[PDB]
Each structure stands twice: as structure tokens, then as C-alpha cells.
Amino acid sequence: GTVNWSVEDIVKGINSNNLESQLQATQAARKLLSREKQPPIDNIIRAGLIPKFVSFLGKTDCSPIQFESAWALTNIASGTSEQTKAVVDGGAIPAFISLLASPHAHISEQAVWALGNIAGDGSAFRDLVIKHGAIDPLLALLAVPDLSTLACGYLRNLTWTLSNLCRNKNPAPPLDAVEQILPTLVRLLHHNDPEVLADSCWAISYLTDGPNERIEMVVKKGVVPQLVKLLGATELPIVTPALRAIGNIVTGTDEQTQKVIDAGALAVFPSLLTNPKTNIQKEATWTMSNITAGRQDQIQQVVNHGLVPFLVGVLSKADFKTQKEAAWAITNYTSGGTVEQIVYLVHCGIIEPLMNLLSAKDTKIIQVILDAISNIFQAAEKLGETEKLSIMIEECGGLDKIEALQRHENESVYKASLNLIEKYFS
């Protein structure tokens, strides 16, 4: 009988000061707010119901109204920032945090969920949840000998909320909050549930999304090898964030990048660089480009793992965004590599697919490619083989393309294309 009430009926029941009447009206609100299509969130807010729901959260003597109000508030907080704000403005944060201590699992779970929605709004509400002291009691819920004893849905909700507490930038989460949460994240990273693993990998992705100091906090926990293992998972929803985290780490120092290599990450790239999921191939190629921007010994590891042919492959055929990352990978390679490494690159067949991409109308990739060709020519100069190279480029139709780029709209483009022709083609 709590199905399809009007907001007016709900207000009447909640204002009755009959606890049972209040419970029934709150449940009716929960059901209204639970419908997928246009729940009357703003109407509930305007009716002034939020403070009432928040008050009901504190009714330890009536667990059902605690649960119903927690659920109702959760769904209001799942809306726009303004709707989440109305929940926060009603004093919900400390009330939900107190509910984390409820002896009723379904109730503490609902509080976890609601706090996830609030923190998920952005860095301000995230940090406000942290300031109210949510982390300790959240982490306490996970303090058991074996995660497997927790209900699956329960652990998934907790993991997700924790990941939202690691989420967002400007600013990033407080350093001490991150240190507090990390050890639990590391443990979750070793759990066997696919959804827990996915969200945990996303959490690590957020945390490594910043300057080297932020990256270092994660790497020093020793999680890199586990992330590399997760790179090989069959579940693509695990691979995506695992690879994002790994990619974030190699944007750091040479030493942080080396940890990724030492952990054996490169052995997985033959598969990642040919992955049928476009976005995985893209971030795999992005990751490669940051590794080829590393030291010569790190470029050499790329060579040893046979990944150059895979980069030629991606450059030859892939989604355009991926090809652009491949272009960057090649320019970095040619920029930081030895003459021998550059010779090897050309021998792998890089030239033709490079020239073919000059046909694209993205001004940046053209710049990247022209820079790569200059780098390769510099290497040929040291070998006095600049003539072999010029012939290579002309035979696959590169000369024709480079010549036309002399007339290019863009500044740096027609310039550099001019230096090339003037310098090695006349």
C-alpha cells in the first residue's frame, strides 16, 4: 500500500508524528525515488522532507525507518549537484557516518552507498565527508580476517565508495587520507571478485593521476606486480583500469617507469597492442609512447620484448586516436634512442606507415611525424646513409606528401617540410 503515493500523501504521513505512519510514508517516498524514469526528486526537496529523513536516520529504536530514510536520501543524493547539496545541507553526512556503526548490515551498507554518492559529487563534498571522519569507520567494516566472508554486494558497495574517496582532482584527496586508505586498497587488489578488482584498479588509477609524489605513494606500497598481473585478466573491465594505472605510473620518473618494466609489464603488450577493445589499444599505445620517452636502456627493453613490430602494426592500422599515440611513440623513440635503435626501427618497416599518415588532417600528428623523420634523418647523417633514406621515403610516396606540405596552412608544418626537402631532397 506504499506504492504510487502522491508527494502530498507522503508529507501528510511524515507530519503525523505517528512513527508507524511516518515509516509507511517514508517507504512510499523511497519507492517513488526508486523509479528509473523522472523520480520527483525536486518535489520531495521542495516539500521540505530532507530534514525529516535525516532525523529518521537517528532513530536507533526503529531500524526500518532508518533503512527507508537512508535509501530515500541515497537516491536524492544520486541526482544533480544541487540535489546532492540539499542532502548535505540537511546534515546527512554525520548522520550517515554514525549509521556505519549499525548492527544491521543492510543499514550500514545503505550508509556506505549514500556516502559514496556524496563523495562522488566532487572534491569539495569528498573532502567534507573525509573531514567528518568517514574513513575510519568505513575501513573498520573491512577489518576481517578474510574478505570472502563478507556478502558480495556489501563488499562491492564498500569498494566503490572507497574508490570515490580517492577520486577527483583540484585538489587531489588529502595526503593523509590517501595513506590511510591505501593498505586496504592493496588488500582489495588481491580479492577475487571482478567488480571489486575493477573498482580497486580505478581507485589506484585516480591516485596515480598526478605528480610523481602521488605516484610514489602507490608504487612504494609494492602494488605494481599485482597491477601487471591484472593486466592479463580476462575481464576487460579489469584490464582497462589496470592499464590506466600502469600508464599513469610510467608518466612518472625513469625509476618509477623502471618498476613497471621490472615487474614484467612489457610481456603483456603484444596482446594489449592488438586488443579488440579500441580504448585498451589506445591506452596501451599511450603507455608505450611514455616508455619510449624514457632512457635508452628502457627503449632497449621495448626492442627486446619485440614490441617495435607491434608499434609498426598499430601505426599501419588502428583507430586514428591510437595511431596518433603510435606516432608519438615513434617520435619519442627516435628522439631519445641510439643510432642503432633507430636503424632497427627503420628495418622493422616504420617508414611507409609513417608517410601514409601524412595524408591525415590533424595538424599535430603531421608535426609529430615530421619531427620523427627529421630525427631519423639525423641518424642517417651519422651513417652517411641519408641517400638510402631519401629513396625509401620517395618510393612509398612520402616525398609527394612532404612536398605538398610545403604549402600547408600551418606554420611549423610547411617550415619543417621545407627544411626536409631543401636539405635531403634537392
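What we label the rigid core is the largest C-alpha set whose atoms superpose within 1.5 Å from one form to the other. Sequential numbering from 1, following the sequence displayed.
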145-153 against 162-170 - segment lying farther from this form in 8 other deposited structures of this protein (CA RMS, rigid core fit): 145-153
Quick one: with the core lined up, is it 38-46 or 51-59 that wanders further in 8 other deposited structures of this protein, going by C-alpha RMS? 38-46
The stretch carrying the higher mean Cα B factor in the deposited entry, 331-339 or 218-226, is 331-339
With respect to the recorded C-alpha B factors, which stretch has the higher mean value, 409-417 or 9-17? 409-417
Among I65, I44, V54, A379, where is the Cα temperature factor highest, going by the PDB entry? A379
Just to confirm, going by the entry's C-alpha B-factors, which of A70, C396, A29, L49 comes out highest? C396
Ranking the modelled residues of this chain by C-alpha B-factor as given in the entry, is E213 in the lowest, middle or highest third? highest
Should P183 be placed in the lowest, middle or highest third of its chain by the C-alpha B factor in the entry? middle
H190, C-alpha B-factor rank within chain (lowest, middle or highest third): middle
Chain-relative CA temperature factor third for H347: middle
Third of chain Cα B-factors occupied by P173: middle
